[PDB]
Structures are given as C-alpha cells and as structure tokens.
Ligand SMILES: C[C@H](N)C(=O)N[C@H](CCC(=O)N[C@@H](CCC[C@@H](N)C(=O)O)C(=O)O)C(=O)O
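We begin with a single chain expressed as structure tokens, specifically the form deposited without the named molecule.
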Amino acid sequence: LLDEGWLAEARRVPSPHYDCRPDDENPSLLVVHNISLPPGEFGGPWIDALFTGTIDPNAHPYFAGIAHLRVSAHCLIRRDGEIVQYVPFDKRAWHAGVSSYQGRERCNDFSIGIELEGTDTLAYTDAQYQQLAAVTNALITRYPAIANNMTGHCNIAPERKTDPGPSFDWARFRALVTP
C-alpha cells in the first residue's frame, strides 16, 4: 500500500526499463493490459524477463521477434493473484506505445500500466479481480484522478491493440473499486 512509489505488498522486480514522467507529473490514468508468454501460456518467468530486458530470444520461437523490444509495465498480476511490480508508480513505464486518451498522446507520460496475465477470450481469475481492485484502490488513494480514468490498452490504441479484450469484466472490476 504505497511506499515511495512501490506497492508495499507486491513482489519487487526492479526493471532497468523506465525513465522520468515529464514535468514530475502525477499519473491520472490507469491502463489495463493483458499478456501471456509464450502467447496463450501462463506461469513462465518470461514476462519478468521481457519487462527487465533479459529475455532469451532462443527459448521460444516467439521470443526471437520480441527480443528487440524495450518495454515494461508498472505491475503484473498473475493468474494466482500474485502482484509483481517492476516500476515505481511515480516513474514512466514503457507500456502504452503509440496512443491517445482524450486527445492527449504518449499515454506512458501520465498513466500507470497494469498487466493481467491472460488473453482476450479467456476469463480472468477471481484472484485477479480482487487483486487488481486492491491495487487500484491503493492508487486512487494517492491519485484520486484515477477513479475517473480507467481504460483498456485497446481503448487508447484502437486498431493496434485488443487487450484486455472482451474477457475483461469492467462491471465486476468496478464493483470492487472505491468501496
């Protein structure tokens, strides 16, 4: 629960993949993503590896093509609910790419990116909903603007991204937020 940009309860995997939010800006937007490495598979160390710039391109055919990436998110929430944090919330994680929200581009600058392990068409787990909510509630306490600004990657990069997809139950998530 927020200690110097770090979720107190999260497993910390500090990533070299971050820089500054221009103008010391407080984030105001929560972007929900999904991810699975390799695609459709859960449980590997590969998301940690990708988001820290250490992935083995030879470990899977799919990895060769993404080894060139320099990306990250603030948090990943695994299928069992485990929260792993890579980037302090005050800092700029590299998760949104080319994007626009309410006419403002470069969404990394002012957003917090949280990844749900999963896919567009498979239900996310009960733990995942409870934990995303706990994190979101923590964030809103620090950054009340986030209550008003919660979106999918597919919403700020339409026709580039589809996550977190139809499988993400906004109703369920909202019911758990700001209680």
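Sequential numbering from 1, following the sequence displayed.
Omitted from view is the form solved in complex with the named molecule, to which the following refers.
Just one listed stretch, out of 126-134, 63-71, 139-147, 22-30, contacts the named molecule in the deposited complex at the 4.5 Å heavy atom level, and that stretch is 63-71.
Though the partner is left out of this view, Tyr101 does not reach within 4.5 Å of the named molecule in the deposited complex, counting heavy atoms only. Although the partner is absent from this view, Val87 stays clear of the named molecule in the deposited complex, with no non-hydrogen atom inside 4.5 angstroms. Interface membership of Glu117, defined by any non-hydrogen atom within 4.5 Å of the named molecule in the deposited complex, is ruled out.
In the deposited complex, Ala96 approaches the named molecule with a heavy atom inside 4.5 Å. Contacts between stretch 152-166 and the named molecule, counted in the deposited complex as any heavy atom lying within 4.5 Å, involve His153, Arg160, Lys161, listed in sequence order.
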